[PDB]
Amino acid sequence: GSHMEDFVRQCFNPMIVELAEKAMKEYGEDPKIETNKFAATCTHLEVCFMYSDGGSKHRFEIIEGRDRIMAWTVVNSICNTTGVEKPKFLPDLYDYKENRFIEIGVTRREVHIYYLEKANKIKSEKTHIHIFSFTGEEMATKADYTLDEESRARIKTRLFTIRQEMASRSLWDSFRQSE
């Protein structure tokens, strides 16, 4: 029974916690041992959900949070509908407004290193990339941050609140030196 797991359950939405647990167990990792990964997956899930909530009521198709098979099914449908290229790796969202898959990233480094890694992994940069950080920084492909600055500011504020709570529980240091 870690302090990090209890904090993750006390701070995040129950559906988010349940989805993070299912996702981690799908790839063979236990939320009760890899607690920093647990908090990281919960944070990524919440950030993608807030992102999809931004903009119109039906602009984004959510890809993260589904089962791997069903998410791949939804991306297959999206591509075979809109003609976009089938991404080599599973993204997080799809923008119907801009007709492009979005890979959302939350990092405890600089936006530069995580963005370079994600882009190196993306190869053919058809999928848009958008990186948020726990210090309020963000970086999107071609400086196209997709949403207006109010929702992105709401996401940054949520990230910093999570960070402050972790630090007040003295769990921020181990959470930072783990990515």
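We call the rigid core the largest set of C-alpha positions that still match within 1.5 Å between the two forms. Heads up: residue numbers just count along the shown sequence, starting at 1.
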Determine, for 123-131 and 137-145, which one has C-alphas that on average lie farther from this form in 6 other deposited structures of this protein; superpose on the rigid core first.
123-131
Mean C-alpha B factor from the entry: is it higher for 39-47 or for 26-34?
26-34
Averaging CA B factors per stretch from the PDB record, which one is higher: 120-128 or 141-149?
120-128
Among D53, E64, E110, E61, which carries the highest Cα B-factor?
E110
Going by the recorded CA B-factors, say which third of the chain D92 sits in, lowest, middle or highest.
lowest
Going by what the PDB entry lists, where does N76 fall on CA B-factor within its chain: lowest, middle or highest third?
lowest
Quick check for you: using the entry's CA B-factors within this chain, is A167 in the lowest, middle or highest third?
middle
Ranking every modelled residue in this chain by its Cα temperature factor as given in the entry, which third contains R68?
middle
